[PDB]
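Residue-level structure breakdown
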Amino acid sequence: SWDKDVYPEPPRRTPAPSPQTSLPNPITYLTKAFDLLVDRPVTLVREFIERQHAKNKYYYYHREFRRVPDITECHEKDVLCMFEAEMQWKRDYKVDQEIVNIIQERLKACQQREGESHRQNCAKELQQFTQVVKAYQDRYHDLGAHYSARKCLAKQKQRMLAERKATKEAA
Amino acid sequence: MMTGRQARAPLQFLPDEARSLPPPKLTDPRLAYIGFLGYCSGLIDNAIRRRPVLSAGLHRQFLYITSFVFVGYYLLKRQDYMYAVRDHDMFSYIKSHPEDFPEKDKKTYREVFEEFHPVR
């Protein structure tokens, strides 16, 4: 029961079976029989386990993290503020990681769904993919083993300056 | 160094001023480790005398351990005194001299510039 609009399931568009010729029923004997043999004998068990779970509920919460001044309001040293800033930077980072995972999976499921149509109906999702992965590519990409904030803020300084010269040559 | 401080009352082990410093608690890991050091002391004694060790160590071992707890205790006390007067000297000489040590405001990263060669 995952959140739907995060992970699109397009219209199912199932075709209507047409026998079109009178012959035996090779799989359907066994799709019905399977749905007799392996459907209910499991279903009873899953349902029983359901009620067993439901007689005593639990509640577990997705944690939250509040915000902080991050890197800006910290002085050049005196770590006591910095620690918060840069570690939560690391959190938000991993968050972005999993965003990249999500998009990257949407693309895969997209091609698998389309079939032979590979370049038809994945254009939108591949497009936003190049958008996001170009963002990540621009921001976090090349720093190194040891990275905290100072280096991300650093690279952002680098781009802002390179684009400020680029926009003086824009004249 | 510091001989001008304590050359005013020479050969005071620790002065009447030191008693304002909290003394080391019993169980302070240092002097306890000193007690262990008396234990290995006595053990090496019972190794020196060919006797098998863990024998005769009823009175001996206790004598060693208690002795080092005694001496080591006083030593730790006068130590903590020494660092006390050291830190005091620092702070007094800090406050009495504004020019020598400037208090600068530490500007935040908002104004910072660096090179930070990426890998590639």
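Residues numbered from 1 in each chain as written, not as in the entry; some residues may be left out. Chains lettered and ligands numbered in written order. Part of a larger assembly, values for the part shown. Heavy atoms only, no water.

Under the PDB entry, the name given to chain B is Mitochondrial complex I, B14.5b subunit, and the organism recorded is Ovis aries. For this structure, the PDB header gives the title as "Entire ovine respiratory complex I".

**A closer look at the overall build of chain A**
To be explicit about the condition: By the criteria applied, helices consist of DSSP H or I runs no shorter than four residues and strands consist of E runs no shorter than two, each listed in order from the N terminus. What the globule rule says is 2.2 Å times the number of residues to the power 0.38, and the radius of gyration is computed from C-alpha atoms. Buried, partly exposed and exposed residues are distinguished by accessible area as a fraction of the type maximum, computed with a 1.4 Å probe on protein chains only: under 20%, between the cut-offs, and over 50%, respectively. Any two residues having at least one pair of non-hydrogen atoms within 4.5 Å are treated as being in contact. Per-residue accessibility takes into account occlusion by the displayed protein chains alone, with areas from the Shrake-Rupley method and a 1.4 Å probe. Under the convention used here, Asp and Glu are negative, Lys and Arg are positive, and both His and the chain ends fall outside the count. To locate a charge, take atom NZ for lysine, CZ for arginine, CG for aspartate or CD for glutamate.
Helix and strand counts for chain A stand at four helices and zero strands. In chain A, the succession of α and β elements from N to C terminus is α-α-α-α. Here the C-alpha atoms of chain A give a radius of gyration of 27 Å, more than 25% beyond the 16 Å that 2.2 N^0.38 yields for 171 residues. Taken along its principal axes, the extent of the C-alpha atoms in chain A is 80 × 55 × 25 Å. Sorting the 171 residues of chain A into buried and exposed places 14% on the buried side. Long-range contacts, defined as pairs at least 24 residues apart, comprise 48% of the intrachain contacts of chain A with a sequence gap of at least 6. Accessible surface, chain A as shown: approximately 15200 Å² in total, 56% of it carbon and sulfur. Across chain A, the mean location of the 31 positive side-chain charges is 1 Å away from that of the 25 negative side-chain charges.

**Quick word on the environment of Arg60 of chain B**
All names here are of chain B. Along the chain, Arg60 falls in helix α3 (residues 60–95). Measuring from C-alpha to C-alpha, the distance between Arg60 and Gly38 comes to 9.9 Å, with 22 residues separating the pair along the chain. Look past the residues within four positions of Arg60 in its chain and what remains in contact with it is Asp45 and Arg51.

**A word on the packing of aromatic side chains**
Stated precisely, the cut-off is as follows: Centres within 6.5 Å make a pair out of two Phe, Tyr or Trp rings, where for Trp the six-membered ring is used; the pair is then stacked when the planes are under 30 degrees apart, edge-to-face when over 60, and tilted otherwise. Only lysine NZ and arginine CZ atoms are considered, and such an atom sits over a ring when it is within 6 Å of the ring centre and within 35 degrees of the ring normal.
Within the structure shown, the criterion is met by eleven aromatic pairs over all chains. Ring centres of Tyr93 of chain B and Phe101 of chain B lie 6.0 Å apart, and the angle between their planes is 70 degrees; on these two criteria the pair is classed as edge-to-face. Since its relative accessible area comes to 41%, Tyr93 of chain B is described here as partly exposed. The rings of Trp89, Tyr93, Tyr136, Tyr140 and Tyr147 of chain A are connected pair by pair, giving a single aromatic cluster. If you follow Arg91 of chain A out to its NZ or CZ, it ends over the ring of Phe65 of chain A, 3.8 Å from the centre.

**Observations regarding the interface of chain A and chain B**
Operational definition: Note on terms: buried area is the combined drop in 1.4 Å-probe accessible area of two parts once they are placed together, counting the loss on both. Salt bridge, as used here, is a side-chain nitrogen of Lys or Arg placed within 4 Å of a carboxyl oxygen of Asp or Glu. Put simply, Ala, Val, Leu, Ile, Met, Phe, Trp, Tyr, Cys and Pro go in the nonpolar bin, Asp, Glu, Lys and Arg in the charged bin, and everything else, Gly too, in the polar bin.
The partner chain B presents 14 residues to the 18 residues of chain A that form the contact. The largest per-residue losses of area from chain A upon contact with chain B belong to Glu76, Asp142 and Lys157 of chain A, which jointly make up 33% of the total buried on that side. Run the count over chain A and chain B and you get two salt bridges. Salt-bridge contacts for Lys106 of chain B lead to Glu76 of chain A; the nearest nitrogen and oxygen are separated by 3.6 Å. With eight residues, helix α4 (residues 150–168) of chain A is the largest single contributor of residues to the side of chain A that touches chain B. Tallied by class, the residues present in the side of chain A that touches chain B amount to seven nonpolar, four polar and seven charged.

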